[PDB]
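See structure below.
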Amino acid sequence: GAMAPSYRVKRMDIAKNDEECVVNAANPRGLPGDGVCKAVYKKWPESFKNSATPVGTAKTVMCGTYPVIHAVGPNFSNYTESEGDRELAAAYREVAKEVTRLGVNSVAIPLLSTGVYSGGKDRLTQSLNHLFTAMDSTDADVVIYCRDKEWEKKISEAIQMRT
Ligand SMILES: O=C(Nc1nc(=O)cc[nH]1)c1nccs1
Ligand SMILES: [Cl-]
Ligand SMILES: [Cl-]
């Protein structure tokens, strides 16, 4: 584990992360997808061999020795707010189990269900709070990746408020 486990946020492409493993914001079918998923497919295509997994679950596939944890958040265009909220929390709990099993000291993670699966709603606080509920009990350094300047500021404020 990390000596003083922390949370940090960076505004850049998660395919350029400086962590020991990456979480992909995957689709259930293991397809190349869009946004973060397409960036992950271009950088670690080998990790999409048998990566299909249901909504609310995570499945890790190695690219060489580098772990890619495919986490499938719900698409809020298809799910109700109550059911989608439950599956989003579940996907993050499965990421925490995989990060612990892998024994890594750091992990790069995007905010699940905040892009094309958001159903057109701002889900920064919802998704980040489920990330903290799952990852708080792990001892890996967590680095959250985002692309929007206003989101970077809001995620950074949420991390600093708890310290
Ligand atoms: O690209 C994104 N998510 C996503 N992409 C897919 O193709 C299928 C499911 N989820 C994200 N970008 C930023 C935060 S999540
Ligand atoms: Cl970049
Ligand atoms: Cl973003």
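To be explicit about the labels: the chains of the structure tokens are called A, B, and onward in the order shown, and within each one the residues are counted from 1, while ligands get numbers from 1 in the order they are shown.
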For this session: Find the residues near ligand 3. Use a cut-off of 6 Å, count only C-alpha atoms and all ligand atoms, and write them as number ranges by chain.
Result: A: 146-148, 151
Close residues to ligand 1 using only C-alpha atoms and all ligand atoms, limit 10 Å, as an mmCIF file with C-alpha atoms, in the first residue's frame:
```
data_model
loop_
_atom_site.group_PDB
_atom_site.id
_atom_site.type_symbol
_atom_site.label_atom_id
_atom_site.label_comp_id
_atom_site.auth_asym_id
_atom_site.auth_seq_id
_atom_site.Cartn_x
_atom_site.Cartn_y
_atom_site.Cartn_z
ATOM 1 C CA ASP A 13 -5.977 11.969 -20.972
ATOM 2 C CA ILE A 14 -6.016 8.914 -18.631
ATOM 3 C CA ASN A 24 -11.566 1.921 -18.007
ATOM 4 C CA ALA A 25 -15.086 3.457 -18.199
ATOM 5 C CA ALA A 26 -16.160 0.395 -20.196
ATOM 6 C CA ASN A 27 -19.295 -0.723 -22.069
ATOM 7 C CA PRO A 28 -20.769 -4.173 -21.230
ATOM 8 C CA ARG A 29 -19.773 -5.691 -24.581
ATOM 9 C CA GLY A 30 -16.048 -4.941 -24.527
ATOM 10 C CA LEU A 31 -16.370 -2.726 -27.625
ATOM 11 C CA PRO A 32 -13.915 0.209 -28.340
ATOM 12 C CA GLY A 33 -16.636 2.737 -27.465
ATOM 13 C CA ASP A 34 -16.215 6.544 -27.041
ATOM 14 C CA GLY A 35 -14.434 9.059 -24.773
ATOM 15 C CA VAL A 36 -12.254 7.409 -22.084
ATOM 16 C CA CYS A 37 -13.104 3.905 -23.443
ATOM 17 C CA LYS A 38 -11.812 4.766 -26.947
ATOM 18 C CA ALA A 39 -8.595 6.300 -25.484
ATOM 19 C CA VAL A 40 -8.049 3.099 -23.439
ATOM 20 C CA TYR A 41 -8.679 0.944 -26.554
ATOM 21 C CA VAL A 55 -23.419 -3.463 -15.793
ATOM 22 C CA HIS A 70 -12.891 -2.561 -17.097
ATOM 23 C CA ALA A 71 -15.660 -1.050 -14.911
ATOM 24 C CA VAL A 72 -19.170 -0.886 -16.397
ATOM 25 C CA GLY A 73 -21.282 1.945 -15.051
ATOM 26 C CA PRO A 74 -24.964 2.143 -16.013
ATOM 27 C CA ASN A 75 -26.204 4.201 -18.968
ATOM 28 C CA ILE A 109 -9.609 6.315 -12.386
ATOM 29 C CA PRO A 110 -12.188 8.267 -14.414
ATOM 30 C CA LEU A 111 -15.664 9.352 -13.071
ATOM 31 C CA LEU A 112 -17.968 6.532 -14.279
ATOM 32 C CA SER A 113 -21.327 7.387 -15.951
ATOM 33 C CA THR A 114 -20.426 11.112 -16.337
ATOM 34 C CA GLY A 115 -19.964 11.217 -20.140
ATOM 35 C CA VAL A 116 -22.198 9.565 -22.809
ATOM 36 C CA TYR A 117 -23.789 7.344 -20.080
ATOM 37 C CA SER A 118 -24.922 10.379 -17.987
ATOM 38 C CA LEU A 124 -19.934 14.814 -10.947
ATOM 39 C CA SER A 127 -20.199 9.629 -9.285
ATOM 40 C CA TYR A 145 -8.658 11.956 -14.355
ATOM 41 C CA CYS A 146 -11.006 14.479 -15.955
ATOM 42 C CA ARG A 147 -11.042 16.687 -19.107
ATOM 43 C CA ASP A 148 -13.094 19.790 -18.138
#
```
Students should find that CA of residue 131 in chain A and CA of residue 92 in chain A are spaced 5.8 Å
| task | Can you work out the spacing between CA of residue 142 in chain A and CA of residue 81 in chain A in Å, to one decimal? | result |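 So the answer is 27.0 Å.
Across A:51, A:17, A:126, A:65, the tightest approach to ligand 2 is made by A:17 when counting only C-alpha atoms and all ligand atoms.
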Identify, with DSSP run on backbone atoms, the residues in range 24-112 of chain A assigned to strand (DSSP E or B), and express the list as number ranges by chain.
-> A: 24-25, 58-63, 66-71, 106-110
Writing out the chosen residues with N, CA, C and O atoms as an mmCIF file, in the first residue's frame:
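What ended up in result.cif:
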```
data_model
loop_
_atom_site.group_PDB
_atom_site.id
_atom_site.type_symbol
_atom_site.label_atom_id
_atom_site.label_comp_id
_atom_site.auth_asym_id
_atom_site.auth_seq_id
_atom_site.Cartn_x
_atom_site.Cartn_y
_atom_site.Cartn_z
ATOM 1 N N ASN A 24 -10.885 1.481 -16.790
ATOM 2 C CA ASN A 24 -11.566 1.921 -18.007
ATOM 3 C C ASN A 24 -13.066 2.151 -17.716
ATOM 4 O O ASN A 24 -13.690 1.345 -16.986
ATOM 5 N N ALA A 25 -13.649 3.213 -18.289
ATOM 6 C CA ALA A 25 -15.086 3.457 -18.199
ATOM 7 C C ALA A 25 -15.676 2.665 -19.389
ATOM 8 O O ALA A 25 -15.875 3.175 -20.502
ATOM 9 N N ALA A 58 -16.819 -5.177 -12.519
ATOM 10 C CA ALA A 58 -15.515 -4.806 -13.062
ATOM 11 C C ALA A 58 -14.796 -6.097 -13.440
ATOM 12 O O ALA A 58 -14.928 -7.117 -12.725
ATOM 13 N N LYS A 59 -14.047 -6.065 -14.556
ATOM 14 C CA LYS A 59 -13.306 -7.254 -15.012
ATOM 15 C C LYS A 59 -11.930 -6.791 -15.432
ATOM 16 O O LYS A 59 -11.819 -5.899 -16.272
ATOM 17 N N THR A 60 -10.874 -7.363 -14.812
ATOM 18 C CA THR A 60 -9.506 -6.912 -15.146
ATOM 19 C C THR A 60 -8.884 -7.819 -16.206
ATOM 20 O O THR A 60 -8.980 -9.062 -16.104
ATOM 21 N N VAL A 61 -8.243 -7.200 -17.216
ATOM 22 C CA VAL A 61 -7.489 -7.910 -18.242
ATOM 23 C C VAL A 61 -6.120 -7.231 -18.335
ATOM 24 O O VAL A 61 -6.037 -6.001 -18.393
ATOM 25 N N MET A 62 -5.043 -8.034 -18.342
ATOM 26 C CA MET A 62 -3.695 -7.483 -18.433
ATOM 27 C C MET A 62 -3.319 -7.107 -19.868
ATOM 28 O O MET A 62 -3.581 -7.881 -20.801
ATOM 29 N N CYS A 63 -2.562 -5.998 -20.012
ATOM 30 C CA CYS A 63 -1.966 -5.601 -21.294
ATOM 31 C C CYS A 63 -0.464 -5.731 -20.956
ATOM 32 O O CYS A 63 0.069 -4.888 -20.221
ATOM 33 N N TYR A 66 0.500 -4.773 -17.334
ATOM 34 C CA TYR A 66 -0.193 -3.573 -16.847
ATOM 35 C C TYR A 66 -1.684 -3.875 -16.752
ATOM 36 O O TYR A 66 -2.317 -4.150 -17.793
ATOM 37 N N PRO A 67 -2.299 -3.779 -15.535
ATOM 38 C CA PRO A 67 -3.716 -4.162 -15.408
ATOM 39 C C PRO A 67 -4.669 -3.085 -15.884
ATOM 40 O O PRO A 67 -4.514 -1.914 -15.508
ATOM 41 N N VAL A 68 -5.686 -3.496 -16.683
ATOM 42 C CA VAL A 68 -6.731 -2.568 -17.087
ATOM 43 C C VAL A 68 -8.006 -3.136 -16.446
ATOM 44 O O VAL A 68 -8.405 -4.279 -16.746
ATOM 45 N N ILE A 69 -8.640 -2.332 -15.532
ATOM 46 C CA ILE A 69 -9.819 -2.798 -14.813
ATOM 47 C C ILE A 69 -11.016 -2.213 -15.583
ATOM 48 O O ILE A 69 -11.262 -1.006 -15.492
ATOM 49 N N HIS A 70 -11.769 -3.057 -16.303
ATOM 50 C CA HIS A 70 -12.891 -2.561 -17.097
ATOM 51 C C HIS A 70 -14.096 -2.462 -16.165
ATOM 52 O O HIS A 70 -14.646 -3.502 -15.787
ATOM 53 N N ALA A 71 -14.535 -1.228 -15.844
ATOM 54 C CA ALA A 71 -15.660 -1.050 -14.911
ATOM 55 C C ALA A 71 -16.864 -0.531 -15.696
ATOM 56 O O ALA A 71 -16.736 0.496 -16.377
ATOM 57 N N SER A 106 -1.021 2.312 -6.591
ATOM 58 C CA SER A 106 -1.695 3.484 -7.151
ATOM 59 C C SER A 106 -2.627 3.029 -8.282
ATOM 60 O O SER A 106 -2.403 1.955 -8.853
ATOM 61 N N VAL A 107 -3.654 3.829 -8.552
ATOM 62 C CA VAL A 107 -4.640 3.523 -9.599
ATOM 63 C C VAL A 107 -5.127 4.832 -10.215
ATOM 64 O O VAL A 107 -5.351 5.814 -9.497
ATOM 65 N N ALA A 108 -5.265 4.842 -11.575
ATOM 66 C CA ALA A 108 -5.817 6.007 -12.319
ATOM 67 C C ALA A 108 -7.292 5.676 -12.586
ATOM 68 O O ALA A 108 -7.591 4.591 -13.095
ATOM 69 N N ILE A 109 -8.188 6.599 -12.243
ATOM 70 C CA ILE A 109 -9.609 6.315 -12.386
ATOM 71 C C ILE A 109 -10.392 7.482 -12.959
ATOM 72 O O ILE A 109 -10.174 8.631 -12.577
ATOM 73 N N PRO A 110 -11.316 7.195 -13.881
ATOM 74 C CA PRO A 110 -12.188 8.267 -14.414
ATOM 75 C C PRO A 110 -13.531 8.293 -13.614
ATOM 76 O O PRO A 110 -13.828 7.313 -12.880
#
```
- Residues of chain A in alpha helix (DSSP H) according to DSSP, as number ranges by chain? A: 35-43, 81-102, 124-135, 149-161
Notebook entry, point to check: Could you work out how far CA of residue 130 in chain A lies from CA of residue 90 in chain A, giving the answer in Å with one decimal?
Noted result: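 Between CA of residue 90 in chain A and CA of residue 130 in chain A the gap works out to 8.6 Å.
For residue 9 in chain A, the residues within 7 Å (counting only C-alpha atoms, excluding itself and residues fewer than 3 positions away along the chain) are residues 143, 144, 145, 152, 155 and 156 of chain A.
Using only C-alpha atoms, the contacts of residue 140 in chain A at a cut-off of 8 Å, with sequence neighbours closer than 4 positions omitted, comprise residues 1, 2, 5, 6, 99, 104, 105, 106 and 107 of chain A.
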Would you export the selected residues with C-alpha atoms as an mmCIF file, in the first residue's frame, please?
```
data_model
loop_
_atom_site.group_PDB
_atom_site.id
_atom_site.type_symbol
_atom_site.label_atom_id
_atom_site.label_comp_id
_atom_site.auth_asym_id
_atom_site.auth_seq_id
_atom_site.Cartn_x
_atom_site.Cartn_y
_atom_site.Cartn_z
ATOM 1 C CA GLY A 1 0.000 0.000 0.000
ATOM 2 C CA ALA A 2 0.929 3.686 -0.228
ATOM 3 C CA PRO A 5 -2.791 6.977 0.939
ATOM 4 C CA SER A 6 -4.083 10.053 -0.942
ATOM 5 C CA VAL A 99 -7.454 -2.767 -6.896
ATOM 6 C CA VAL A 104 -1.087 -2.081 -6.604
ATOM 7 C CA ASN A 105 0.108 1.042 -4.780
ATOM 8 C CA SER A 106 -1.695 3.484 -7.151
ATOM 9 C CA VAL A 107 -4.640 3.523 -9.599
#
```
The residue from A:45, A:119, A:103, A:54 with the smallest atom-to-atom distance to residue 21 in chain A, counting only C-alpha atoms, is A:103
Judged by only C-alpha atoms, the minimum distance to residue 18 in chain A among A:162, A:141, A:121, A:135 is found for A:141
